[PDB]
Amino acid sequence: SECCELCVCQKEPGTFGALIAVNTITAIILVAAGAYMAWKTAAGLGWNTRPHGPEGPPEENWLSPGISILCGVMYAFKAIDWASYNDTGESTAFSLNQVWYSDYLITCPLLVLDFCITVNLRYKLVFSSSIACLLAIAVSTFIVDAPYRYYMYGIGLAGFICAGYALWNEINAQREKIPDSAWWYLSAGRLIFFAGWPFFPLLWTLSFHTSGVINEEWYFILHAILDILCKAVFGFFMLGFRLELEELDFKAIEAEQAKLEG
Amino acid sequence: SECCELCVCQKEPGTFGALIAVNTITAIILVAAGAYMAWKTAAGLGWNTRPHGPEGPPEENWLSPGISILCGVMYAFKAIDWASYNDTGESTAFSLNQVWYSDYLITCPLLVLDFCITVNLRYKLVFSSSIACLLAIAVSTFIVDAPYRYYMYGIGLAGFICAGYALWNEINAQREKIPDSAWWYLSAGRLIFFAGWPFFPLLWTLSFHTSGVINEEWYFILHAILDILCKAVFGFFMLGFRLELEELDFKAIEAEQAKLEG
Amino acid sequence: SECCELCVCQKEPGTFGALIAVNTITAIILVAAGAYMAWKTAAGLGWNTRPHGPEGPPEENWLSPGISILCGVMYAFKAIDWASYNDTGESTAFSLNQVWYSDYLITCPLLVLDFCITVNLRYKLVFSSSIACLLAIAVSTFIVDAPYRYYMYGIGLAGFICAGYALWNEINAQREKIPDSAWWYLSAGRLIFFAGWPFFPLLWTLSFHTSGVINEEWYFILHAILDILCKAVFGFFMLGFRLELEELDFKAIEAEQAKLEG
Ligand SMILES: *C/C=C(C)/C=C/C=C(C)/C=C/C1=C(C)CCCC1(C)C
Ligand SMILES: *C/C=C(C)/C=C/C=C(C)/C=C/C1=C(C)CCCC1(C)C
Ligand SMILES: *C/C=C(C)/C=C/C=C(C)/C=C/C1=C(C)CCCC1(C)C
Ligand SMILES: [K+]
Ligand SMILES: [K+]
Ligand SMILES: [K+]
Ligand SMILES: [K+]
Ligand SMILES: [K+]
Ligand SMILES: [K+]
Ligand SMILES: [K+]
Ligand SMILES: [K+]
Ligand SMILES: [K+]
Ligand SMILES: [K+]
Ligand SMILES: [K+]
Ligand SMILES: [K+]
Ligand SMILES: [K+]
Ligand SMILES: [K+]
Ligand SMILES: [K+]
């Protein structure tokens with residue numbers, strides 16, 4: 001039928017509790033992580049919350065909490081949607097669970113931008129737009145029928161590997177500048193970027209529409225954990241990196257000022 | 001049926017004259033207001049149209065006329081759409097009247113940005129993106145079915161109140177800088193922002209889909225007046241503010257130059 | 001029926017080879033042109049590929065290759081879509097051939113921006129957003145029914161003529177600055193802009209939905225050539241302009257440095 005054997009549209013009303021629970025929990029996690037990040041950025045500069053200043057926190061210091069909070073709002077909307085599936089058995093009109101990877105568009109162009117701004121990686125906009133385009137091909141690979149979904153997957157994967165290589169090069173060409181104390185958080189966010197991301201593309205090969213190992217319910221459940229790790233946990237490592245840099249900057253400024261007085 | 005009792009889809013062909021008229025009138029108003037604003041910005045700097053310069057009017061001086069003109073084009077498209085409802089009785093393919101608050105997305109992210117640029121309010125992009133996201137929840141609250149539209153409304157209203165509080169704080173933390181002559185126009189645009197906006201959210205509670213006091217025809221008619229007051233009249237007050245600032249700046253420059261010669 | 005007499009939906013499975021071929025060829029052309037442009041921008045500054053520097057190529061030097069490559073990816077997706085029409089006889093779920101001029105949105109706001117950045121034309125964002133809005137009216141004129149498609153066409157054409165006039169003025173008010181060596185490429189990209197663009201609007205008058213001279217198959221075939229000329233060939237002239245400017249800049253810097261040493 002319209003709903004494939006392994007879809008959430010074949011599940012009966014009353015059997016969606018797991019999905020609502022997972023999505024509410026992830027909404028809370030993402031929103032609260034983003035709220036901690038927001039508090040940390042507002043409260044102060046470095047690890048010891050040094051008073052910001054007249055201009056306040058930079059506007060890019062809000063990109064990171066921003067994504068986490070927005071993804072949490074998205075997940076709350078998804079859980080509201082899943083609750084309609086539990087009752088009415090037929091979703092909402094505004095369902096963020098209908099189009100797969102449609103929310104990942106926004107989130108990704110915002111995260112790659114974050115990384116590229118914080119680490120001062122070059123071609124910030126280039127990278128961010130490339131990822132938006134590769135995550136538009138991702139949506140397509142879920143909607144487009146069999147033979148052509150694999151052709152589209154090929155294009156998307158080629159570009160993903162190309163952009164990944166270029167990104168790797170950029171981070172490794174900024175390693176010299178990045179202090180060793182701040183590199184821990186960077187390498188952790190990179191690890192999240194090079195392992196965690198390829199996971200999204202490989203889970204495709206075992207998905208409900210491709211193979212059929214993971215049914216749509218469980219695919220959705222797994223993409224929630226992956227979002228906690230991207231979005232939320234990526235931002236906590238990037239928040240850490242930022243704070244380390246800002247504490248080291250405070251230290252450097254204070255030392256420069258000591259030498260200025262002396 | 002698909003069309004609720006109090007909808008424009010239940011109205012017979014030939015009974016849409018009022019809607020076409022209102023929407024054409026508002027199109028004219030918004031476009032002409034934006035054109036006056038455009039002329040004023042191009043012609044000169046302050047109230048006495050002081051010759052601009054080599055670079056010309058700043059690109060942000062076009063955000064304000066821009067929105068008004070675009071909303072007027074939107075309303076012209078809406079009136080064309082309403083004319084098809086008057087004749088064919090079944091709308092156009094490209095109807096800006098189908099999805100409610102879908103046009104408000106663009107207009108709002110552009111207006112909050114305007115305010116934040118002109119008054120130099122901090123977190124410009126943050127505020128603008130927050131409003132875009134809260135006006136995406138607004139569209140949802142019109143499409144999503146009963147129980148879940150109120151859950152979504154709750155999220156939207158929470159964020160609206162949060163962003164409103166934050167905005168209020170920002171404007172009041174910039175009051176010291178803003179000259180008293182320019183504050184008149186600011187307080188008027190703020191009044192339009194804190195009263196006029198909450199009106200949009202309260203009319204929801206009495207709308208065709210929520211309660212049923214205001215049928216979709218009249219809801220549409222009221223949202224046209226509200227757009228004249230937001231968009232058009234908001235920009236005339238903001239244009240006024242800008243011009244006041246620019247005239248005071250011209251005065252300050254001329255005084256500084258007199259002291260430079262002396 | 002839903003498909004008009006002169007549409008690609010009336011063509012039988014197996015008769016789409018021409019469309020696939022044209023769209024694959026254009027995909028290759030656009031991608032390869034954009035890749036040459038990308039190589040040229042990365043490799044060096046001017047015509048003689050002068051080593052760039054620490055910061056590398058400006059982020060706007062990627063807007064031009066970018067569009068060409070993205071339009072090539074779009075056309076590859078279109079050819080994949082056309083192959084489904086050749087086999088299944090009913091398109092893909094993600095068809096870039098469904099909505100007419102929907103891809104032109106992105107491409108156009110990116111190209112006008114390019115021109116305005118490279119030639120330092122004023123009102124860059126204004127122009128780019130105007131074109132995005134006029135190319136949203138373009139999509140409408142393909143979907144909206146008879147009487148109202150001509151009303152929308154009128155609005156779109158009025159704005160197109162207005163924006164065209166304003167653009168002409170801007171380029172002619174920057175002619176004095178632009179060196180004569182670089183003007184060749186500029187006038188060629190302008191020629192592509194003032195002739196080539198009006199072609200898009202005039203082909204509308206003879207299209208499958210308006211008149212019926214050009215059926216949708218051949219309209220699609222012609223819009224592919226027009227994209228090679230816009231996108232691809234526009235960027236090769238703009239790449240040329242950029243390179244000329246950069247070689248002249250290198251020359252000027254080297255002369256200034258000779259005088260600095262002397
Ligand atoms: C926070 C959101 C994330 C990390 C989403 C990432 C999405 C991708 C890395 C998409 C990957 C792809 C697919 C699974 C579909 C098409 C092929 C790829 C590789 C672009
Ligand atoms: C110029 C356009 C304007 C002023 C539109 C504003 C729209 C809102 C303030 C939306 C308000 C909300 C709803 C009516 C729906 C969801 C809840 C709110 C408060 C976000
Ligand atoms: C690279 C993409 C290009 C050059 C697309 C350009 C599209 C236009 C110039 C659209 C023109 C118009 C229509 C054919 C429909 C509505 C009326 C116009 C003039 C805006
Ligand atoms: K901070
Ligand atoms: K950042
Ligand atoms: K998300
Ligand atoms: K989804
Ligand atoms: K994050
Ligand atoms: K002005
Ligand atoms: K402004
Ligand atoms: K509007
Ligand atoms: K509407
Ligand atoms: K306005
Ligand atoms: K270059
Ligand atoms: K450029
Ligand atoms: K294209
Ligand atoms: K098309
Ligand atoms: K190009």
Side-chain angles (χ1 to χ4, degrees), chain A residues 34 36-69 109-121 124-125 127-128 174 182 185-186 189 231 234-250, chain B residues 34 37-38 40-42 45 57-69 107 109-129 174 182 185-186 189 231 234-246, chain C residues 123 125-126 129:
Chain A
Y36 185 81
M37 264 126 68
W39 169 73
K40 251 319 200 1
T41 44
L45 283 148
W47 286 111
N48 316 306
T49 52
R50 320 287 202 167
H52 255 288
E55 12 83 58
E59 259 148 54
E60 332 106 40
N61 277 25
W62 306 112
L63 240 195
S64 231
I67 308 147
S68 206
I69 295 164
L110 301 182
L111 295 156
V112 191
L113 242 216
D114 241 319
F115 206 66
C116 291
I117 291 162
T118 51
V119 202
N120 264 274
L121 266 8
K124 335 207 171 200
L125 260 327
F127 282 130
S128 99
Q174 236 87 21
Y185 313 95
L186 206 43
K231 268 65 68 182
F234 174 68
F236 262 136
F237 278 133
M238 278 341 272
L239 169 89
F241 169 76
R242 199 147 66 237
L243 259 36
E244 190 63 61
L245 276 197
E246 264 149 344
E247 205 44 80
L248 298 159
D249 290 340
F250 191 82
Chain B
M37 264 126 68
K40 251 319 200 1
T41 44
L45 283 148
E59 259 148 54
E60 332 106 40
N61 277 25
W62 306 112
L63 240 196
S64 231
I67 308 147
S68 206
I69 295 164
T107 63
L110 301 182
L111 295 156
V112 191
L113 242 216
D114 241 319
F115 206 66
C116 291
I117 291 162
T118 51
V119 202
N120 264 274
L121 266 8
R122 299 132 70 190
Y123 327 122
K124 335 207 171 200
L125 260 327
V126 181
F127 282 130
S128 99
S129 66
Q174 236 87 21
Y185 313 95
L186 206 43
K231 268 65 68 182
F234 174 68
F236 262 136
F237 278 133
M238 278 341 272
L239 169 89
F241 169 76
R242 199 147 66 237
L243 259 36
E244 190 63 61
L245 276 197
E246 264 149 344
Chain C
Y123 327 122
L125 260 327
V126 181
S129 66

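Labels below follow one simple rule: chain letters A, B, ... track the order of the sequence lines, proteins then strands, and each chain is numbered from 1. Whatever order the structure lists them in is the order used to number ligands and atoms, beginning at 1.
Ring pair A:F234/A:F115: centre-to-centre distance below 6.0 Å.
Backbone or side-chain N, O or S atoms of A:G44 reach the K ion (ligand 4) at under 3.4 Å.
Side chain to side chain, B:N120 and B:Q174 fail the donor-acceptor criterion of an N or O pair below 3.5 Å.
The distance from atom OG of A:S64 to atom CE of A:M238, rounded to the nearest 0.5 Å, is 7.5 Å. A distance of 13.5 Å separates CD1 of A:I67 from CH2 of A:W62, quoted to the nearest 0.5 Å. To the nearest 0.5 Å, the span separating CG on B:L63 from SG on B:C116 amounts to 11.0 Å.
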> Run the salt bridge (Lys or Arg N to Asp or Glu O under 4.0 Å) check on A:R50 and A:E247 step by step: do they pass?
Replying inline: CA-CA 8 Å; A:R50 320 287 202 167; A:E247 205 44 80; 3.0 Å; yes
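The count of protein N, O or S atoms under 3.4 Å from the K ion (ligand 5) stands at 2, with waters excluded from the count.
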